[PDB]
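Have a look at entry.pdb; it's PDB, C-alpha atoms (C1' of nucleotides) and all ligand atoms:
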MODEL        1
ATOM      1  CA  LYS A 303      -0.328 -23.710  32.233  1.00  0.00           C
ATOM      2  CA  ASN A 304      -1.827 -20.203  32.204  1.00  0.00           C
ATOM      3  CA  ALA A 305      -1.602 -20.228  36.012  1.00  0.00           C
ATOM      4  CA  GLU A 306       2.148 -20.831  35.780  1.00  0.00           C
ATOM      5  CA  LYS A 307       2.401 -18.121  33.115  1.00  0.00           C
ATOM      6  CA  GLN A 308       0.657 -15.521  35.271  1.00  0.00           C
ATOM      7  CA  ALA A 309       3.058 -16.550  38.038  1.00  0.00           C
ATOM      8  CA  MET A 310       5.872 -15.567  35.660  1.00  0.00           C
ATOM      9  CA  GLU A 311       4.293 -12.309  34.478  1.00  0.00           C
ATOM     10  CA  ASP A 312       3.603 -10.991  37.981  1.00  0.00           C
ATOM     11  CA  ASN A 313       7.169 -11.982  38.934  1.00  0.00           C
ATOM     12  CA  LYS A 314       8.664 -10.183  35.910  1.00  0.00           C
ATOM     13  CA  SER A 315       9.883  -6.651  36.866  1.00  0.00           C
ATOM     14  CA  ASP A 316       8.187  -3.620  35.257  1.00  0.00           C
ATOM     15  CA  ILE A 317      10.633  -1.977  32.791  1.00  0.00           C
ATOM     16  CA  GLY A 318      10.557   1.153  34.960  1.00  0.00           C
ATOM     17  CA  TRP A 319      12.576   3.653  36.957  1.00  0.00           C
ATOM     18  CA  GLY A 320      14.872   1.985  39.478  1.00  0.00           C
ATOM     19  CA  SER A 321      14.215  -1.524  38.129  1.00  0.00           C
ATOM     20  CA  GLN A 322      17.265  -1.821  35.941  1.00  0.00           C
ATOM     21  CA  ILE A 323      20.731  -3.272  35.398  1.00  0.00           C
ATOM     22  CA  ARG A 324      22.639  -1.018  32.976  1.00  0.00           C
ATOM     23  CA  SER A 325      23.808   2.511  32.214  1.00  0.00           C
ATOM     24  CA  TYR A 326      24.472   3.567  28.697  1.00  0.00           C
ATOM     25  CA  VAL A 327      25.665   6.986  29.792  1.00  0.00           C
ATOM     26  CA  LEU A 328      26.904   7.682  26.259  1.00  0.00           C
ATOM     27  CA  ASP A 329      27.592  11.241  27.473  1.00  0.00           C
ATOM     28  CA  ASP A 330      30.611   9.970  29.397  1.00  0.00           C
ATOM     29  CA  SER A 331      31.062   6.678  27.484  1.00  0.00           C
ATOM     30  CA  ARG A 332      30.222   3.920  29.932  1.00  0.00           C
ATOM     31  CA  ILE A 333      28.092   0.808  29.981  1.00  0.00           C
ATOM     32  CA  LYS A 334      27.823  -0.493  33.550  1.00  0.00           C
ATOM     33  CA  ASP A 335      26.295  -3.787  34.708  1.00  0.00           C
ATOM     34  CA  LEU A 336      25.217  -2.961  38.264  1.00  0.00           C
ATOM     35  CA  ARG A 337      25.046  -6.568  39.449  1.00  0.00           C
ATOM     36  CA  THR A 338      28.575  -8.017  39.352  1.00  0.00           C
ATOM     37  CA  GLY A 339      29.645  -5.307  38.322  1.00  0.00           C
ATOM     38  CA  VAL A 340      32.028  -4.382  35.482  1.00  0.00           C
ATOM     39  CA  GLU A 341      32.654  -1.070  33.572  1.00  0.00           C
ATOM     40  CA  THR A 342      33.523  -1.309  29.872  1.00  0.00           C
ATOM     41  CA  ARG A 343      34.481   2.089  28.433  1.00  0.00           C
ATOM     42  CA  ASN A 344      34.316   1.097  24.746  1.00  0.00           C
ATOM     43  CA  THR A 345      30.583   1.632  24.417  1.00  0.00           C
ATOM     44  CA  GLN A 346      29.735   1.261  20.719  1.00  0.00           C
ATOM     45  CA  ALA A 347      31.731  -1.972  20.945  1.00  0.00           C
ATOM     46  CA  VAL A 348      29.162  -3.412  23.380  1.00  0.00           C
ATOM     47  CA  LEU A 349      26.359  -2.697  20.918  1.00  0.00           C
ATOM     48  CA  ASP A 350      28.480  -4.677  18.442  1.00  0.00           C
ATOM     49  CA  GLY A 351      28.171  -7.744  20.664  1.00  0.00           C
ATOM     50  CA  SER A 352      30.998  -7.954  23.218  1.00  0.00           C
ATOM     51  CA  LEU A 353      28.462  -9.174  25.792  1.00  0.00           C
ATOM     52  CA  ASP A 354      30.845 -12.054  26.644  1.00  0.00           C
ATOM     53  CA  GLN A 355      32.443  -9.646  29.142  1.00  0.00           C
ATOM     54  CA  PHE A 356      29.377  -9.184  31.341  1.00  0.00           C
ATOM     55  CA  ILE A 357      27.994 -12.686  30.704  1.00  0.00           C
ATOM     56  CA  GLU A 358      31.100 -14.640  31.678  1.00  0.00           C
ATOM     57  CA  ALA A 359      31.454 -12.614  34.885  1.00  0.00           C
ATOM     58  CA  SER A 360      27.696 -12.724  35.618  1.00  0.00           C
ATOM     59  CA  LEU A 361      27.455 -16.537  35.648  1.00  0.00           C
ATOM     60  CA  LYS A 362      29.077 -16.774  39.100  1.00  0.00           C
TER      61      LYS A 362
ATOM     62  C1'   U B   1     -41.190   1.051  21.718  1.00  0.00           C
ATOM     63  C1'   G B   2     -34.761   1.360  17.850  1.00  0.00           C
ATOM     64  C1'   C B   3     -32.688  -0.475  12.331  1.00  0.00           C
ATOM     65  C1'   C B   4     -34.306  -3.084   7.435  1.00  0.00           C
ATOM     66  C1'   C B   5     -39.495  -1.488   2.266  1.00  0.00           C
ATOM     67  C1'   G B   6     -34.851  -6.202  -1.533  1.00  0.00           C
ATOM     68  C1'   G B   7     -39.369 -10.845  -1.206  1.00  0.00           C
ATOM     69  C1'   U B   8     -45.104 -10.922   0.462  1.00  0.00           C
ATOM     70  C1'   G B   9     -49.379  -7.673   1.654  1.00  0.00           C
ATOM     71  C1'   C B  10     -51.964  -3.033   1.315  1.00  0.00           C
ATOM     72  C1'   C B  11     -51.767   2.164  -0.770  1.00  0.00           C
ATOM     73  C1'   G B  12     -50.518   5.557  -4.885  1.00  0.00           C
ATOM     74  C1'   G B  13     -49.019   5.743 -10.231  1.00  0.00           C
ATOM     75  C1'   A B  14     -53.908   8.491 -17.376  1.00  0.00           C
ATOM     76  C1'   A B  15     -46.343   6.427 -19.145  1.00  0.00           C
ATOM     77  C1'   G B  16     -44.695   1.685 -20.932  1.00  0.00           C
ATOM     78  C1'   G B  17     -44.972  -4.209 -21.527  1.00  0.00           C
ATOM     79  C1'   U B  18     -48.503  -8.186 -21.519  1.00  0.00           C
ATOM     80  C1'   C B  19     -53.587  -8.946 -21.777  1.00  0.00           C
ATOM     81  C1'   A B  20     -60.032 -11.857 -23.145  1.00  0.00           C
ATOM     82  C1'   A B  21     -64.618 -11.050 -25.577  1.00  0.00           C
ATOM     83  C1'   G B  22     -65.691  -7.561 -29.178  1.00  0.00           C
ATOM     84  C1'   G B  23     -64.212  -4.381 -33.472  1.00  0.00           C
ATOM     85  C1'   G B  24     -61.421  -4.679 -38.092  1.00  0.00           C
ATOM     86  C1'   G B  25     -60.722  -7.505 -42.553  1.00  0.00           C
ATOM     87  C1'   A B  26     -54.500  -7.546 -45.792  1.00  0.00           C
ATOM     88  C1'   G B  27     -54.964 -12.432 -47.482  1.00  0.00           C
ATOM     89  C1'   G B  28     -56.596 -17.498 -48.213  1.00  0.00           C
ATOM     90  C1'   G B  29     -60.332 -21.747 -48.641  1.00  0.00           C
ATOM     91  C1'   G B  30     -65.217 -24.861 -49.814  1.00  0.00           C
ATOM     92  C1'   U B  31     -69.268 -24.867 -53.289  1.00  0.00           C
ATOM     93  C1'   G B  32     -72.273 -22.854 -57.665  1.00  0.00           C
ATOM     94  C1'   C B  33     -72.579 -21.667 -64.716  1.00  0.00           C
ATOM     95  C1'   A B  34     -73.536 -17.774 -62.172  1.00  0.00           C
ATOM     96  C1'   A B  35     -75.215 -13.671 -59.150  1.00  0.00           C
ATOM     97  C1'   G B  36     -74.036 -15.533 -54.397  1.00  0.00           C
ATOM     98  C1'   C B  37     -73.873 -18.665 -50.018  1.00  0.00           C
ATOM     99  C1'   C B  38     -70.561 -20.390 -46.315  1.00  0.00           C
ATOM    100  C1'   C B  39     -65.505 -20.895 -43.465  1.00  0.00           C
ATOM    101  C1'   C B  40     -60.679 -19.680 -41.793  1.00  0.00           C
ATOM    102  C1'   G B  41     -57.902 -15.377 -41.197  1.00  0.00           C
ATOM    103  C1'   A B  42     -52.579 -10.981 -40.583  1.00  0.00           C
ATOM    104  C1'   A B  43     -51.830  -5.599 -39.345  1.00  0.00           C
ATOM    105  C1'   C B  44     -54.350  -2.525 -36.050  1.00  0.00           C
ATOM    106  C1'   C B  45     -58.217  -0.676 -32.064  1.00  0.00           C
ATOM    107  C1'   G B  46     -59.534  -2.938 -27.221  1.00  0.00           C
ATOM    108  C1'   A B  47     -60.528  -3.533 -19.546  1.00  0.00           C
ATOM    109  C1'   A B  48     -59.436  -5.118 -14.936  1.00  0.00           C
ATOM    110  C1'   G B  49     -55.310  -8.116 -13.512  1.00  0.00           C
ATOM    111  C1'   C B  50     -50.197  -9.002 -13.870  1.00  0.00           C
ATOM    112  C1'   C B  51     -45.376  -6.940 -15.081  1.00  0.00           C
ATOM    113  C1'   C B  52     -43.063  -2.099 -14.115  1.00  0.00           C
ATOM    114  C1'   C B  53     -42.168   2.858 -10.915  1.00  0.00           C
ATOM    115  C1'   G B  54     -42.776   4.653  -5.911  1.00  0.00           C
ATOM    116  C1'   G B  55     -44.838   4.632  -0.620  1.00  0.00           C
ATOM    117  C1'   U B  56     -45.855   2.012   3.707  1.00  0.00           C
ATOM    118  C1'   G B  57     -44.036  -1.792  10.193  1.00  0.00           C
ATOM    119  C1'   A B  58     -48.506  -0.705  16.571  1.00  0.00           C
ATOM    120  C1'   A B  59     -48.553  -4.260   7.723  1.00  0.00           C
ATOM    121  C1'   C B  60     -46.398 -10.349   6.788  1.00  0.00           C
ATOM    122  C1'   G B  61     -41.815 -10.412   8.419  1.00  0.00           C
ATOM    123  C1'   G B  62     -35.918  -9.888   9.207  1.00  0.00           C
ATOM    124  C1'   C B  63     -32.429  -7.803  12.296  1.00  0.00           C
ATOM    125  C1'   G B  64     -24.304 -11.695  10.193  1.00  0.00           C
ATOM    126  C1'   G B  65     -19.212 -14.095   9.696  1.00  0.00           C
ATOM    127  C1'   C B  66     -13.781 -14.185   9.670  1.00  0.00           C
ATOM    128  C1'   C B  67      -8.966 -12.068  10.930  1.00  0.00           C
ATOM    129  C1'   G B  68      -5.420  -8.677  13.584  1.00  0.00           C
ATOM    130  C1'   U B  69      -4.546  -5.115  17.370  1.00  0.00           C
ATOM    131  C1'   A B  70      -3.130  -1.858  24.110  1.00  0.00           C
ATOM    132  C1'   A B  71       2.329  -1.335  30.024  1.00  0.00           C
ATOM    133  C1'   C B  72       6.175  -8.630  27.882  1.00  0.00           C
ATOM    134  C1'   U B  73      -0.138 -11.746  30.449  1.00  0.00           C
ATOM    135  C1'   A B  74      -5.877 -12.168  29.330  1.00  0.00           C
ATOM    136  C1'   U B  75      -9.356  -9.249  26.944  1.00  0.00           C
ATOM    137  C1'   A B  76      -9.972  -5.704  22.800  1.00  0.00           C
ATOM    138  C1'   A B  77     -11.975   0.734  23.036  1.00  0.00           C
ATOM    139  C1'   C B  78      -9.185   0.451  17.581  1.00  0.00           C
ATOM    140  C1'   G B  79      -8.433  -1.593  12.274  1.00  0.00           C
ATOM    141  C1'   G B  80      -8.827  -4.962   7.888  1.00  0.00           C
ATOM    142  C1'   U B  81     -12.145  -7.947   5.033  1.00  0.00           C
TER     143        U B  81
HETATM  144 MG    MG C 401      30.539   3.761  15.193  1.00  0.00          MG
HETATM  145 MG    MG C 402     -39.293  -4.900   3.775  1.00  0.00          MG
HETATM  146 MG    MG C 403     -42.557  -3.805   0.221  1.00  0.00          MG
HETATM  147 MG    MG C 404     -34.643   1.598   0.213  1.00  0.00          MG
HETATM  148 MG    MG C 405     -45.246 -14.995   2.459  1.00  0.00          MG
HETATM  149 MG    MG C 406     -51.981  -0.629  -6.488  1.00  0.00          MG
HETATM  150 MG    MG C 407     -44.680  10.248 -22.659  1.00  0.00          MG
HETATM  151 MG    MG C 408     -52.052   1.398 -21.230  1.00  0.00          MG
HETATM  152 MG    MG C 409     -59.856 -11.183 -32.135  1.00  0.00          MG
HETATM  153 MG    MG C 410     -62.914 -11.629 -35.375  1.00  0.00          MG
HETATM  154 MG    MG C 411     -65.563 -10.423 -37.492  1.00  0.00          MG
HETATM  155 MG    MG C 412     -59.947  -9.800 -48.356  1.00  0.00          MG
HETATM  156 MG    MG C 413     -62.809 -23.875 -54.758  1.00  0.00          MG
HETATM  157 MG    MG C 414     -65.004 -21.880 -58.591  1.00  0.00          MG
HETATM  158 MG    MG C 415     -54.466  -2.275 -18.541  1.00  0.00          MG
HETATM  159 MG    MG C 416     -41.096  -2.171  15.990  1.00  0.00          MG
HETATM  160 MG    MG C 417     -44.536   3.637  15.301  1.00  0.00          MG
HETATM  161 MG    MG C 418     -38.582 -11.387   4.815  1.00  0.00          MG
HETATM  162 MG    MG C 419     -44.914  -8.808  12.251  1.00  0.00          MG
HETATM  163 MG    MG C 420      -1.390  -7.880  22.610  1.00  0.00          MG
HETATM  164 MG    MG C 421       2.018  -7.493  24.202  1.00  0.00          MG
ENDMDL
END

Would you mind writing the file out in structure tokens?
Ligand SMILES: [Mg+2]
Ligand SMILES: [Mg+2]
Ligand SMILES: [Mg+2]
Ligand SMILES: [Mg+2]
Ligand SMILES: [Mg+2]
Ligand SMILES: [Mg+2]
Ligand SMILES: [Mg+2]
Ligand SMILES: [Mg+2]
Ligand SMILES: [Mg+2]
Ligand SMILES: [Mg+2]
Ligand SMILES: [Mg+2]
Ligand SMILES: [Mg+2]
Ligand SMILES: [Mg+2]
Ligand SMILES: [Mg+2]
Ligand SMILES: [Mg+2]
Ligand SMILES: [Mg+2]
Ligand SMILES: [Mg+2]
Ligand SMILES: [Mg+2]
Ligand SMILES: [Mg+2]
Ligand SMILES: [Mg+2]
Ligand SMILES: [Mg+2]
Amino acid sequence: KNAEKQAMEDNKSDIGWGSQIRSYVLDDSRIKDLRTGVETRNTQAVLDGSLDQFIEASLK
RNA sequence: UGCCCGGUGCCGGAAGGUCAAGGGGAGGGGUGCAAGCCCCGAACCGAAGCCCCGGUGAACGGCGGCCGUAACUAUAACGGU
């Protein structure tokens, strides 16, 4: 079980520079999902929970 | 060649507590007609030892447990008890 866990951990990104999926450039009000990829402009509405947008389009 | 002198040992301590014989003799008893004779007997004085106060490990010896915590993981330098 631990062996399968370490397989996950070492295959689990790094939370680092250039390892990412979103911009919250709140200095020009975008939140971009670089993967499908959409561009909502109503930023502090995403933090409210409008994730449906990205999710529904990211399930392709 | 570390840390622990609380227990044991040894060392030191004219205080204090306890402490035997002995000293003392408040008081009581037996007997005698009596002087007397004889027997218990409190306070208090009275050593070492022990208690008590310290020291001492190349003296006898003894040198822990639980819980949480770091780059998604393991561990825990760190903390709590
Ligand atoms: Mg607001
Ligand atoms: Mg000792
Ligand atoms: Mg000792
Ligand atoms: Mg000590
Ligand atoms: Mg012994
Ligand atoms: Mg002595
Ligand atoms: Mg004195
Ligand atoms: Mg004395
Ligand atoms: Mg006497
Ligand atoms: Mg006497
Ligand atoms: Mg006498
Ligand atoms: Mg008398
Ligand atoms: Mg009589
Ligand atoms: Mg008489
Ligand atoms: Mg003495
Ligand atoms: Mg030693
Ligand atoms: Mg020595
Ligand atoms: Mg011992
Ligand atoms: Mg020894
Ligand atoms: Mg952790
Ligand atoms: Mg973690």

Mind checking which residues fall within 6 Å of stretch 322-333 of chain A, counting all atoms listed in the file, ignoring those fewer than 2 positions away in the same chain, and posting them as a ChimeraX atom specification? /A:320,335-336,342-343,345

Extract, using only C-alpha atoms (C1' of nucleotides), all DNA, RNA and protein residues at most 12 Å from residue B:80, discarding same-chain residues fewer than 3 positions from it, and format them as a PDB file with C-alpha atoms (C1' of nucleotides), in the frame of the given file.
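Contents of result_33.pdb, as written:
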ATOM      1  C1'   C B  66     -13.781 -14.185   9.670  1.00  0.00           C
ATOM      2  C1'   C B  67      -8.966 -12.068  10.930  1.00  0.00           C
ATOM      3  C1'   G B  68      -5.420  -8.677  13.584  1.00  0.00           C
ATOM      4  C1'   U B  69      -4.546  -5.115  17.370  1.00  0.00           C
TER       5        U B  69
END

Within 10 Å of ligand MG 402 (chain C) (all atoms listed in the file), residues as an MDAnalysis selection string: chainID B and resid 4:8 56:57 60:62

File dump, residues just selected, C-alpha atoms (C1' of nucleotides), as a PDB file, in the frame of the given file:
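Generated file (result_15.pdb):
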ATOM      1  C1'   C B   4     -34.306  -3.084   7.435  1.00  0.00           C
ATOM      2  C1'   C B   5     -39.495  -1.488   2.266  1.00  0.00           C
ATOM      3  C1'   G B   6     -34.851  -6.202  -1.533  1.00  0.00           C
ATOM      4  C1'   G B   7     -39.369 -10.845  -1.206  1.00  0.00           C
ATOM      5  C1'   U B   8     -45.104 -10.922   0.462  1.00  0.00           C
ATOM      6  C1'   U B  56     -45.855   2.012   3.707  1.00  0.00           C
ATOM      7  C1'   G B  57     -44.036  -1.792  10.193  1.00  0.00           C
ATOM      8  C1'   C B  60     -46.398 -10.349   6.788  1.00  0.00           C
ATOM      9  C1'   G B  61     -41.815 -10.412   8.419  1.00  0.00           C
ATOM     10  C1'   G B  62     -35.918  -9.888   9.207  1.00  0.00           C
TER      11        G B  62
END

Please give me, as an MDAnalysis selection string, the residues lying within 10 Å of ligand MG 412 (chain C) when counting only C-alpha atoms (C1' of nucleotides) and all ligand atoms. chainID B and resid 25:28 41

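With the shown file loaded, the PyMOL selection byres ((chain A) within 12 of (chain B)) picks out residues 304, 305, 306, 307, 308, 309, 310, 311, 312, 313, 314, 315, 316, 317 and 318 of chain A.
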
For the file shown, report as a PyMOL selection string the outcome of the PyMOL selection byres (((not hetatm)) within 7 of (chain C and resi 413)) at residue level. chain B and resi 29-31

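For ligand MG 406 (chain C), the neighbouring protein, DNA and RNA residues, which are those within 12 Å when all atoms listed in the file are counted, are residues 9, 10, 11, 12, 13, 49, 50, 52, 53, 54 and 55 of chain B.
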
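Between atom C1' of residue B:77 and atom MG of ligand MG 421 (chain C) the separation is 16.3 Å.
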
Produce a table with one row for each residue of chain B that has an atom at most 9 Å from any atom of ligand MG 408 (chain C), each row naming the nearest atom pair and its distance in Å at one decimal; use all atoms listed in the file; arrange rows by chain and rising residue number; format as a Markdown table.
| residue | atom | partner | partner_atom | distance |
| --- | --- | --- | --- | --- |
| B:14 | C1' | C:MG408 | MG | 8.3 |
| B:15 | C1' | C:MG408 | MG | 7.9 |
| B:16 | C1' | C:MG408 | MG | 7.4 |

Once you count all atoms listed in the file, which residues end up within 12 Å of ligand MG 410 (chain C), and could you hand them over as a ChimeraX atom specification? /B:21-25,40-42

Written selection (C-alpha atoms (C1' of nucleotides)) as a PDB file, in the coordinates of the input:
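The result, written out as result.pdb:
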ATOM      1  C1'   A B  21     -64.618 -11.050 -25.577  1.00  0.00           C
ATOM      2  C1'   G B  22     -65.691  -7.561 -29.178  1.00  0.00           C
ATOM      3  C1'   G B  23     -64.212  -4.381 -33.472  1.00  0.00           C
ATOM      4  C1'   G B  24     -61.421  -4.679 -38.092  1.00  0.00           C
ATOM      5  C1'   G B  25     -60.722  -7.505 -42.553  1.00  0.00           C
ATOM      6  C1'   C B  40     -60.679 -19.680 -41.793  1.00  0.00           C
ATOM      7  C1'   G B  41     -57.902 -15.377 -41.197  1.00  0.00           C
ATOM      8  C1'   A B  42     -52.579 -10.981 -40.583  1.00  0.00           C
TER       9        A B  42
END

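In this structure, atom MG of ligand MG 416 (chain C) sits 11.0 Å away from atom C1' of residue B:63.
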
Counting only C-alpha atoms (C1' of nucleotides) and all ligand atoms, the residue of B:33, B:59, B:20, B:38 that sits nearest ligand MG 415 (chain C): B:20

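For the pair atom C1' of residue B:17 and atom MG of ligand MG 418 (chain C), the interatomic distance is 28.0 Å.
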
Around ligand MG 415 (chain C), out to 9 Å and counting only C-alpha atoms (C1' of nucleotides) and all ligand atoms, which residues are there? I want them as a PyMOL selection string. chain B and resi 18-19+47-49

When the cut-off is 12 Å and you count only C-alpha atoms (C1' of nucleotides) and all ligand atoms, which residues lie near ligand MG 401 (chain C), shown as a list in words? residues 344, 345, 346, 347, 348, 349 and 350 of chain A
